[PDB]
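Undergrad: Below you'll find start.pdb; it's PDB, N, CA and C atoms.
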ATOM      1  N   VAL V 256     -16.199  28.370 -17.409
ATOM      2  CA  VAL V 256     -15.512  27.192 -16.896
ATOM      3  C   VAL V 256     -16.485  26.027 -16.971
ATOM      4  N   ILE V 257     -16.071  24.949 -17.620
ATOM      5  CA  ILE V 257     -16.893  23.757 -17.774
ATOM      6  C   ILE V 257     -16.296  22.652 -16.924
ATOM      7  N   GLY V 258     -17.148  21.750 -16.458
ATOM      8  CA  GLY V 258     -16.727  20.622 -15.643
ATOM      9  C   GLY V 258     -16.892  19.329 -16.419
ATOM     10  N   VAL V 259     -15.923  18.432 -16.271
ATOM     11  CA  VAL V 259     -15.921  17.149 -16.959
ATOM     12  C   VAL V 259     -15.756  16.049 -15.924
ATOM     13  N   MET V 260     -16.533  14.982 -16.068
ATOM     14  CA  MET V 260     -16.462  13.857 -15.151
ATOM     15  C   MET V 260     -16.486  12.562 -15.945
ATOM     16  N   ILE V 261     -15.618  11.630 -15.569
ATOM     17  CA  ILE V 261     -15.484  10.347 -16.245
ATOM     18  C   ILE V 261     -15.874   9.257 -15.264
ATOM     19  N   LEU V 262     -16.872   8.461 -15.626
ATOM     20  CA  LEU V 262     -17.319   7.348 -14.808
ATOM     21  C   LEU V 262     -16.853   6.042 -15.430
ATOM     22  N   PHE V 263     -16.368   5.132 -14.591
ATOM     23  CA  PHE V 263     -15.781   3.879 -15.044
ATOM     24  C   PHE V 263     -16.809   2.760 -14.977
ATOM     25  N   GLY V 264     -16.907   1.988 -16.053
ATOM     26  CA  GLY V 264     -17.781   0.842 -16.089
ATOM     27  C   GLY V 264     -17.109  -0.384 -15.513
ATOM     28  N   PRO V 265     -17.721  -1.554 -15.702
ATOM     29  CA  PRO V 265     -17.106  -2.781 -15.179
ATOM     30  C   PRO V 265     -15.894  -3.226 -15.975
ATOM     31  N   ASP V 266     -15.863  -2.939 -17.277
ATOM     32  CA  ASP V 266     -14.728  -3.332 -18.105
ATOM     33  C   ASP V 266     -13.440  -2.680 -17.623
ATOM     34  N   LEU V 267     -13.482  -1.375 -17.368
ATOM     35  CA  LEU V 267     -12.312  -0.617 -16.953
ATOM     36  C   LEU V 267     -12.221  -0.441 -15.445
ATOM     37  N   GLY V 268     -13.299  -0.695 -14.714
ATOM     38  CA  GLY V 268     -13.283  -0.540 -13.278
ATOM     39  C   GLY V 268     -12.586  -1.637 -12.512
ATOM     40  N   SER V 269     -12.082  -2.658 -13.194
ATOM     41  CA  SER V 269     -11.369  -3.742 -12.540
ATOM     42  C   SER V 269      -9.877  -3.476 -12.422
ATOM     43  N   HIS V 270      -9.407  -2.325 -12.888
ATOM     44  CA  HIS V 270      -7.997  -1.977 -12.851
ATOM     45  C   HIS V 270      -7.800  -0.709 -12.037
ATOM     46  N   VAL V 271      -6.728  -0.680 -11.254
ATOM     47  CA  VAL V 271      -6.324   0.505 -10.508
ATOM     48  C   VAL V 271      -4.987   0.959 -11.067
ATOM     49  N   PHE V 272      -4.954   2.171 -11.606
ATOM     50  CA  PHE V 272      -3.760   2.692 -12.257
ATOM     51  C   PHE V 272      -2.711   2.997 -11.197
ATOM     52  N   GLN V 273      -1.603   2.265 -11.232
ATOM     53  CA  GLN V 273      -0.478   2.485 -10.336
ATOM     54  C   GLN V 273       0.804   2.431 -11.150
ATOM     55  N   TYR V 274       1.621   3.474 -11.035
ATOM     56  CA  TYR V 274       2.884   3.590 -11.759
ATOM     57  C   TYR V 274       2.689   3.586 -13.270
ATOM     58  N   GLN V 275       1.493   3.919 -13.738
ATOM     59  CA  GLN V 275       1.192   3.971 -15.155
ATOM     60  C   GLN V 275       1.121   5.423 -15.618
ATOM     61  N   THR V 276       0.777   5.622 -16.889
ATOM     62  CA  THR V 276       0.705   6.952 -17.492
ATOM     63  C   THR V 276      -0.690   7.136 -18.080
ATOM     64  N   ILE V 277      -1.598   7.664 -17.272
ATOM     65  CA  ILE V 277      -2.954   7.956 -17.715
ATOM     66  C   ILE V 277      -2.933   9.186 -18.610
ATOM     67  N   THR V 278      -3.695   9.144 -19.700
ATOM     68  CA  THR V 278      -3.764  10.283 -20.602
ATOM     69  C   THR V 278      -5.145  10.375 -21.231
ATOM     70  N   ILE V 279      -5.670  11.599 -21.290
ATOM     71  CA  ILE V 279      -6.981  11.895 -21.847
ATOM     72  C   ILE V 279      -6.806  12.953 -22.924
ATOM     73  N   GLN V 280      -7.700  12.941 -23.909
ATOM     74  CA  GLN V 280      -7.651  13.903 -25.003
ATOM     75  C   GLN V 280      -9.066  14.308 -25.375
ATOM     76  N   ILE V 281      -9.372  15.591 -25.233
ATOM     77  CA  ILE V 281     -10.682  16.137 -25.561
ATOM     78  C   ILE V 281     -10.557  16.864 -26.890
ATOM     79  N   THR V 282     -11.109  16.281 -27.948
ATOM     80  CA  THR V 282     -10.974  16.855 -29.281
ATOM     81  C   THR V 282     -12.286  17.469 -29.748
ATOM     82  N   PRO V 283     -12.386  18.790 -29.834
ATOM     83  CA  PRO V 283     -13.602  19.406 -30.373
ATOM     84  C   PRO V 283     -13.708  19.249 -31.879
ATOM     85  N   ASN V 284     -14.707  19.891 -32.484
ATOM     86  CA  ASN V 284     -14.874  19.792 -33.930
ATOM     87  C   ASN V 284     -13.909  20.709 -34.669
ATOM     88  N   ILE V 285     -13.766  21.951 -34.212
ATOM     89  CA  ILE V 285     -12.810  22.892 -34.787
ATOM     90  C   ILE V 285     -12.054  23.551 -33.644
ATOM     91  N   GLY V 286     -10.735  23.577 -33.743
ATOM     92  CA  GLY V 286      -9.884  24.097 -32.696
ATOM     93  C   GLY V 286      -8.964  23.027 -32.142
ATOM     94  N   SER V 287      -7.991  23.485 -31.367
ATOM     95  CA  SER V 287      -6.978  22.585 -30.845
ATOM     96  C   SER V 287      -7.573  21.683 -29.768
ATOM     97  N   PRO V 288      -7.152  20.424 -29.701
ATOM     98  CA  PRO V 288      -7.643  19.539 -28.638
ATOM     99  C   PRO V 288      -7.024  19.861 -27.291
ATOM    100  N   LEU V 289      -7.313  19.034 -26.292
ATOM    101  CA  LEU V 289      -6.760  19.200 -24.952
ATOM    102  C   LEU V 289      -6.293  17.835 -24.477
ATOM    103  N   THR V 290      -4.982  17.649 -24.387
ATOM    104  CA  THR V 290      -4.396  16.370 -24.006
ATOM    105  C   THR V 290      -3.904  16.455 -22.569
ATOM    106  N   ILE V 291      -4.606  15.786 -21.668
ATOM    107  CA  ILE V 291      -4.127  15.597 -20.307
ATOM    108  C   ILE V 291      -3.266  14.344 -20.272
ATOM    109  N   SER V 292      -2.178  14.391 -19.507
ATOM    110  CA  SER V 292      -1.289  13.245 -19.369
ATOM    111  C   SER V 292      -0.620  13.316 -18.008
ATOM    112  N   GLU V 293      -0.729  12.240 -17.233
ATOM    113  CA  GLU V 293      -0.205  12.220 -15.877
ATOM    114  C   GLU V 293       0.417  10.865 -15.583
ATOM    115  N   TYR V 294       1.117  10.799 -14.453
ATOM    116  CA  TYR V 294       1.719   9.571 -13.948
ATOM    117  C   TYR V 294       1.296   9.413 -12.498
ATOM    118  N   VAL V 295       0.561   8.347 -12.202
ATOM    119  CA  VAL V 295      -0.021   8.138 -10.883
ATOM    120  C   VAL V 295       0.734   7.018 -10.178
ATOM    121  N   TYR V 296       1.264   7.323  -8.993
ATOM    122  CA  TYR V 296       1.993   6.334  -8.206
ATOM    123  C   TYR V 296       1.057   5.490  -7.348
ATOM    124  N   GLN V 297       0.366   6.124  -6.403
ATOM    125  CA  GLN V 297      -0.457   5.423  -5.431
ATOM    126  C   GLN V 297      -1.622   6.311  -5.040
ATOM    127  N   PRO V 298      -2.725   5.732  -4.576
ATOM    128  CA  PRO V 298      -3.830   6.536  -4.055
ATOM    129  C   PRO V 298      -3.714   6.783  -2.561
ATOM    130  N   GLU V 299      -4.511   7.738  -2.091
ATOM    131  CA  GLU V 299      -4.568   8.072  -0.678
ATOM    132  C   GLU V 299      -5.938   8.646  -0.350
ATOM    133  N   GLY V 300      -6.436   8.301   0.836
ATOM    134  CA  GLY V 300      -7.705   8.822   1.314
ATOM    135  C   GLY V 300      -8.882   8.596   0.395
ATOM    136  N   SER V 301      -8.784   7.632  -0.521
ATOM    137  CA  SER V 301      -9.800   7.275  -1.506
ATOM    138  C   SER V 301     -10.017   8.363  -2.545
ATOM    139  N   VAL V 302      -9.361   9.513  -2.419
ATOM    140  CA  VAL V 302      -9.462  10.599  -3.386
ATOM    141  C   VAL V 302      -8.077  11.221  -3.503
ATOM    142  N   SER V 303      -7.454  11.081  -4.666
ATOM    143  CA  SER V 303      -6.121  11.615  -4.887
ATOM    144  C   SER V 303      -6.225  13.018  -5.477
ATOM    145  N   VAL V 304      -5.085  13.584  -5.870
ATOM    146  CA  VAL V 304      -5.016  14.938  -6.396
ATOM    147  C   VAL V 304      -4.454  14.958  -7.815
ATOM    148  N   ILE V 305      -3.975  13.822  -8.307
ATOM    149  CA  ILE V 305      -3.504  13.754  -9.680
ATOM    150  C   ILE V 305      -3.902  12.418 -10.278
TER     151      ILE V 305
ATOM    152  N   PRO X 205      10.875 -30.542  10.872
ATOM    153  CA  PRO X 205      12.322 -30.697  10.656
ATOM    154  C   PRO X 205      12.995 -29.439  10.145
ATOM    155  N   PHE X 206      12.256 -28.540   9.491
ATOM    156  CA  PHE X 206      12.885 -27.352   8.928
ATOM    157  C   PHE X 206      13.396 -26.418  10.014
ATOM    158  N   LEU X 207      12.816 -26.480  11.211
ATOM    159  CA  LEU X 207      13.231 -25.599  12.298
ATOM    160  C   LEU X 207      14.623 -25.915  12.822
ATOM    161  N   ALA X 208      15.277 -26.954  12.311
ATOM    162  CA  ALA X 208      16.638 -27.264  12.721
ATOM    163  C   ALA X 208      17.668 -26.353  12.074
ATOM    164  N   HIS X 209      17.256 -25.495  11.140
ATOM    165  CA  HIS X 209      18.178 -24.617  10.441
ATOM    166  C   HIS X 209      17.887 -23.138  10.632
ATOM    167  N   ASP X 210      16.751 -22.784  11.225
ATOM    168  CA  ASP X 210      16.412 -21.383  11.387
ATOM    169  C   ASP X 210      17.119 -20.795  12.606
ATOM    170  N   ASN X 211      16.985 -19.481  12.762
ATOM    171  CA  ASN X 211      17.601 -18.741  13.860
ATOM    172  C   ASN X 211      16.531 -18.470  14.911
ATOM    173  N   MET X 212      16.537 -19.266  15.977
ATOM    174  CA  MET X 212      15.521 -19.184  17.015
ATOM    175  C   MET X 212      15.908 -18.153  18.065
ATOM    176  N   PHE X 213      14.959 -17.297  18.430
ATOM    177  CA  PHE X 213      15.123 -16.424  19.581
ATOM    178  C   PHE X 213      13.828 -16.409  20.375
ATOM    179  N   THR X 214      13.964 -16.212  21.682
ATOM    180  CA  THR X 214      12.861 -16.364  22.618
ATOM    181  C   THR X 214      12.537 -15.037  23.286
ATOM    182  N   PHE X 215      11.328 -14.963  23.837
ATOM    183  CA  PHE X 215      10.900 -13.811  24.616
ATOM    184  C   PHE X 215       9.752 -14.239  25.516
ATOM    185  N   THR X 216       9.765 -13.735  26.745
ATOM    186  CA  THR X 216       8.860 -14.190  27.789
ATOM    187  C   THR X 216       7.910 -13.073  28.198
ATOM    188  N   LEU X 217       6.674 -13.455  28.506
ATOM    189  CA  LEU X 217       5.658 -12.532  28.991
ATOM    190  C   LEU X 217       4.993 -13.109  30.230
ATOM    191  N   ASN X 218       4.757 -12.250  31.221
ATOM    192  CA  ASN X 218       4.127 -12.652  32.475
ATOM    193  C   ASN X 218       2.634 -12.356  32.371
ATOM    194  N   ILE X 219       1.939 -13.194  31.610
ATOM    195  CA  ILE X 219       0.515 -13.027  31.346
ATOM    196  C   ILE X 219      -0.271 -13.841  32.360
ATOM    197  N   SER X 220      -1.318 -13.236  32.919
ATOM    198  CA  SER X 220      -2.187 -13.875  33.907
ATOM    199  C   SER X 220      -1.378 -14.469  35.058
ATOM    200  N   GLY X 221      -0.433 -13.681  35.561
ATOM    201  CA  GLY X 221       0.307 -14.047  36.753
ATOM    202  C   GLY X 221       1.226 -15.243  36.608
ATOM    203  N   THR X 222       1.270 -15.840  35.421
ATOM    204  CA  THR X 222       2.138 -16.978  35.150
ATOM    205  C   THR X 222       3.023 -16.659  33.955
ATOM    206  N   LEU X 223       4.298 -17.019  34.055
ATOM    207  CA  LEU X 223       5.242 -16.721  32.988
ATOM    208  C   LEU X 223       4.987 -17.636  31.797
ATOM    209  N   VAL X 224       4.802 -17.038  30.624
ATOM    210  CA  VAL X 224       4.523 -17.773  29.395
ATOM    211  C   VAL X 224       5.596 -17.399  28.385
ATOM    212  N   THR X 225       6.519 -18.320  28.131
ATOM    213  CA  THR X 225       7.592 -18.054  27.191
ATOM    214  C   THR X 225       7.098 -18.212  25.757
ATOM    215  N   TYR X 226       7.955 -17.832  24.813
ATOM    216  CA  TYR X 226       7.652 -17.965  23.398
ATOM    217  C   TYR X 226       8.940 -18.287  22.656
ATOM    218  N   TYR X 227       8.791 -18.755  21.419
ATOM    219  CA  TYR X 227       9.931 -19.123  20.584
ATOM    220  C   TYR X 227       9.652 -18.647  19.167
ATOM    221  N   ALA X 228      10.446 -17.697  18.687
ATOM    222  CA  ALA X 228      10.260 -17.107  17.368
ATOM    223  C   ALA X 228      11.380 -17.570  16.450
ATOM    224  N   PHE X 229      11.011 -18.116  15.296
ATOM    225  CA  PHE X 229      11.960 -18.649  14.332
ATOM    226  C   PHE X 229      11.926 -17.830  13.049
ATOM    227  N   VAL X 230      13.103 -17.628  12.461
ATOM    228  CA  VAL X 230      13.263 -16.855  11.232
ATOM    229  C   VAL X 230      14.216 -17.610  10.318
ATOM    230  N   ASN X 231      13.837 -17.772   9.050
ATOM    231  CA  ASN X 231      14.664 -18.499   8.094
ATOM    232  C   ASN X 231      15.259 -17.600   7.018
ATOM    233  N   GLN X 232      15.063 -16.288   7.113
ATOM    234  CA  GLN X 232      15.698 -15.336   6.212
ATOM    235  C   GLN X 232      15.546 -13.943   6.799
ATOM    236  N   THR X 233      16.584 -13.131   6.637
ATOM    237  CA  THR X 233      16.568 -11.786   7.193
ATOM    238  C   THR X 233      15.519 -10.937   6.490
ATOM    239  N   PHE X 234      14.625 -10.335   7.270
ATOM    240  CA  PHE X 234      13.587  -9.479   6.720
ATOM    241  C   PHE X 234      13.216  -8.428   7.754
ATOM    242  N   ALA X 235      12.540  -7.380   7.291
ATOM    243  CA  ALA X 235      12.166  -6.264   8.145
ATOM    244  C   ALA X 235      10.730  -5.860   7.861
ATOM    245  N   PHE X 236      10.048  -5.353   8.885
ATOM    246  CA  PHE X 236       8.664  -4.930   8.757
ATOM    247  C   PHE X 236       8.446  -3.660   9.564
ATOM    248  N   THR X 237       7.239  -3.112   9.460
ATOM    249  CA  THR X 237       6.871  -1.899  10.172
ATOM    250  C   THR X 237       5.528  -2.096  10.862
ATOM    251  N   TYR X 238       5.242  -1.205  11.806
ATOM    252  CA  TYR X 238       3.995  -1.218  12.556
ATOM    253  C   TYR X 238       3.802   0.133  13.232
ATOM    254  N   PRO X 239       2.571   0.608  13.375
ATOM    255  CA  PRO X 239       2.356   1.954  13.907
ATOM    256  C   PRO X 239       2.568   2.013  15.410
ATOM    257  N   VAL X 240       3.014   3.179  15.873
ATOM    258  CA  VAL X 240       3.333   3.355  17.283
ATOM    259  C   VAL X 240       2.574   4.538  17.871
ATOM    260  N   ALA X 241       2.261   5.539  17.050
ATOM    261  CA  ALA X 241       1.656   6.755  17.582
ATOM    262  C   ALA X 241       1.068   7.589  16.457
ATOM    263  N   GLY X 242      -0.174   8.029  16.639
ATOM    264  CA  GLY X 242      -0.801   8.979  15.743
ATOM    265  C   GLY X 242      -0.904   8.547  14.298
ATOM    266  N   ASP X 243      -1.640   7.471  14.030
ATOM    267  CA  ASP X 243      -1.802   6.947  12.676
ATOM    268  C   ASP X 243      -3.282   6.745  12.395
ATOM    269  N   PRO X 244      -3.989   7.794  11.989
ATOM    270  CA  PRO X 244      -5.413   7.643  11.661
ATOM    271  C   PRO X 244      -5.659   6.722  10.481
ATOM    272  N   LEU X 245      -5.057   7.044   9.342
ATOM    273  CA  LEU X 245      -5.296   6.304   8.111
ATOM    274  C   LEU X 245      -4.568   4.968   8.187
ATOM    275  N   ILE X 246      -5.330   3.881   8.135
ATOM    276  CA  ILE X 246      -4.794   2.529   8.232
ATOM    277  C   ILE X 246      -5.319   1.724   7.056
ATOM    278  N   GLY X 247      -4.407   1.189   6.255
ATOM    279  CA  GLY X 247      -4.802   0.389   5.117
ATOM    280  C   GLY X 247      -3.926   0.596   3.902
ATOM    281  N   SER X 248      -3.083   1.629   3.925
ATOM    282  CA  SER X 248      -2.245   1.947   2.778
ATOM    283  C   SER X 248      -0.811   2.301   3.152
ATOM    284  N   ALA X 249      -0.407   2.069   4.400
ATOM    285  CA  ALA X 249       0.982   2.243   4.823
ATOM    286  C   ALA X 249       1.486   3.651   4.528
ATOM    287  N   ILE X 250       0.627   4.638   4.741
ATOM    288  CA  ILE X 250       0.953   6.035   4.500
ATOM    289  C   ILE X 250       1.135   6.697   5.855
ATOM    290  N   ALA X 251       2.379   6.921   6.240
ATOM    291  CA  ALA X 251       2.666   7.529   7.527
ATOM    292  C   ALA X 251       2.233   8.988   7.526
ATOM    293  N   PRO X 252       1.255   9.380   8.332
ATOM    294  CA  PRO X 252       0.851  10.787   8.359
ATOM    295  C   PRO X 252       1.914  11.644   9.020
ATOM    296  N   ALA X 253       1.908  12.928   8.676
ATOM    297  CA  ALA X 253       2.852  13.856   9.279
ATOM    298  C   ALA X 253       2.638  13.919  10.784
ATOM    299  N   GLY X 254       3.736  13.865  11.529
ATOM    300  CA  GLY X 254       3.658  13.846  12.973
ATOM    301  C   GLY X 254       3.380  12.493  13.581
ATOM    302  N   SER X 255       3.454  11.419  12.799
ATOM    303  CA  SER X 255       3.251  10.079  13.320
ATOM    304  C   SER X 255       4.581   9.489  13.772
TER     305      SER X 255
END
The structure given in the file should be rewritten as structure tokens.

TA:
Amino acid sequence: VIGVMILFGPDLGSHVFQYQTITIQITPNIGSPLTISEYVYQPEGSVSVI
Amino acid sequence: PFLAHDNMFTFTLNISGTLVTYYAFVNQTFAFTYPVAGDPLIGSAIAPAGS
């Protein structure tokens, strides 16, 4: 099991995703990629679950 | 002059042993919320369970 963490810089840190469709794609060199895709409504407790 | 068209309603409070009236004016129907009991998280209008 590997862990992945994404840190936001100033360019992208000025936006808070609300009612949008965030999507990530991890593409290795050989093999199928991994496309995460979610829809985030609102945050809570400074740490959400999706 | 705009207060000649709003819907005025009053309410009185007996603060510091002297009656102090008030006058609240509204120019359009609207509704709001406010916490009454058991609301730890304040800042995002998220009503906790049992609040």

Undergrad: Under the PyMOL selection byres ((chain V) within 8 of (chain X)), which residues of this model are included? Write them out as a PDB file with N, CA and C atoms, keeping the file's coordinate frame.

TA:
ATOM      1  N   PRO V 298      -2.725   5.732  -4.576  1.00  0.00           N
ATOM      2  CA  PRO V 298      -3.830   6.536  -4.055  1.00  0.00           C
ATOM      3  C   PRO V 298      -3.714   6.783  -2.561  1.00  0.00           C
ATOM      4  N   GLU V 299      -4.511   7.738  -2.091  1.00  0.00           N
ATOM      5  CA  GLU V 299      -4.568   8.072  -0.678  1.00  0.00           C
ATOM      6  C   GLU V 299      -5.938   8.646  -0.350  1.00  0.00           C
ATOM      7  N   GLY V 300      -6.436   8.301   0.836  1.00  0.00           N
ATOM      8  CA  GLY V 300      -7.705   8.822   1.314  1.00  0.00           C
ATOM      9  C   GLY V 300      -8.882   8.596   0.395  1.00  0.00           C
TER      10      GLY V 300
END

Undergrad: On this structure, the PyMOL selection byres (((chain X and resi 241 and name CA) around 9) and name CA) would catch which residues? List them as a VMD selection string, sorted by chain and number.

TA: chain X and resid 239 to 240 242 to 243 254 to 255

Undergrad: Would you write out, as a list in words, every residue that the PyMOL selection byres (((chain X and resi 216 and name CA) around 9) and name CA) captures in this file?

TA: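 Applied to this file, the PyMOL selection byres (((chain X and resi 216 and name CA) around 9) and name CA) returns residues 214, 215, 217, 218, 223, 224, 225, 226 and 227 of chain X.
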
Undergrad: With 4 Å of padding per side, what axis-aligned box (centre and edge lengths, Å, one decimal) covers all the listed atoms of region 232-235 of chain X? Give it as JSON.

TA:
{"center_x": 13.7, "center_y": -11.1, "center_z": 7.2, "size_x": 13.9, "size_y": 18.4, "size_z": 9.9}

Undergrad: To one decimal in Å, tell me the separation between atom N of residue 295 (chain V) and CA of residue 234 (chain X).

TA: 29.1 Å

Undergrad: For region 217-231 of chain X, which lacks atoms in the input, supply N, CA, C and O atoms and format the output as a CSV table (one decimal), in the frame of the given file.

TA:
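Dumped everything to selection04.csv:
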chain,number,residue,atom,x,y,z
X,217,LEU,N,6.7,-13.5,28.5
X,217,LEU,CA,5.7,-12.5,29.0
X,217,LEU,C,5.0,-13.1,30.2
X,217,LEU,O,4.7,-14.3,30.3
X,218,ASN,N,4.8,-12.2,31.2
X,218,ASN,CA,4.1,-12.7,32.5
X,218,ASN,C,2.6,-12.4,32.4
X,218,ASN,O,2.1,-11.4,33.0
X,219,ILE,N,1.9,-13.2,31.6
X,219,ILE,CA,0.5,-13.0,31.3
X,219,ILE,C,-0.3,-13.8,32.4
X,219,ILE,O,0.1,-15.0,32.6
X,220,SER,N,-1.3,-13.2,32.9
X,220,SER,CA,-2.2,-13.9,33.9
X,220,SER,C,-1.4,-14.5,35.1
X,220,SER,O,-1.6,-15.6,35.5
X,221,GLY,N,-0.4,-13.7,35.6
X,221,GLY,CA,0.3,-14.0,36.8
X,221,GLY,C,1.2,-15.2,36.6
X,221,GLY,O,1.9,-15.6,37.6
X,222,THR,N,1.3,-15.8,35.4
X,222,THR,CA,2.1,-17.0,35.2
X,222,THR,C,3.0,-16.7,34.0
X,222,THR,O,2.6,-16.1,33.0
X,223,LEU,N,4.3,-17.0,34.1
X,223,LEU,CA,5.2,-16.7,33.0
X,223,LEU,C,5.0,-17.6,31.8
X,223,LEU,O,5.0,-18.9,31.9
X,224,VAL,N,4.8,-17.0,30.6
X,224,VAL,CA,4.5,-17.8,29.4
X,224,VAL,C,5.6,-17.4,28.4
X,224,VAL,O,5.6,-16.3,27.8
X,225,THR,N,6.5,-18.3,28.1
X,225,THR,CA,7.6,-18.1,27.2
X,225,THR,C,7.1,-18.2,25.8
X,225,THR,O,6.0,-18.7,25.5
X,226,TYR,N,8.0,-17.8,24.8
X,226,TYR,CA,7.7,-18.0,23.4
X,226,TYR,C,8.9,-18.3,22.7
X,226,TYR,O,10.0,-18.1,23.2
X,227,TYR,N,8.8,-18.8,21.4
X,227,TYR,CA,9.9,-19.1,20.6
X,227,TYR,C,9.7,-18.6,19.2
X,227,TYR,O,8.7,-19.1,18.5
X,228,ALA,N,10.4,-17.7,18.7
X,228,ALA,CA,10.3,-17.1,17.4
X,228,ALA,C,11.4,-17.6,16.4
X,228,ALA,O,12.6,-17.4,16.8
X,229,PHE,N,11.0,-18.1,15.3
X,229,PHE,CA,12.0,-18.6,14.3
X,229,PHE,C,11.9,-17.8,13.0
X,229,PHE,O,10.9,-17.4,12.6
X,230,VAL,N,13.1,-17.6,12.5
X,230,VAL,CA,13.3,-16.9,11.2
X,230,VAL,C,14.2,-17.6,10.3
X,230,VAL,O,15.3,-18.0,10.8
X,231,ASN,N,13.8,-17.8,9.0
X,231,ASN,CA,14.7,-18.5,8.1
X,231,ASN,C,15.3,-17.6,7.0
X,231,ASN,O,15.9,-18.1,6.1
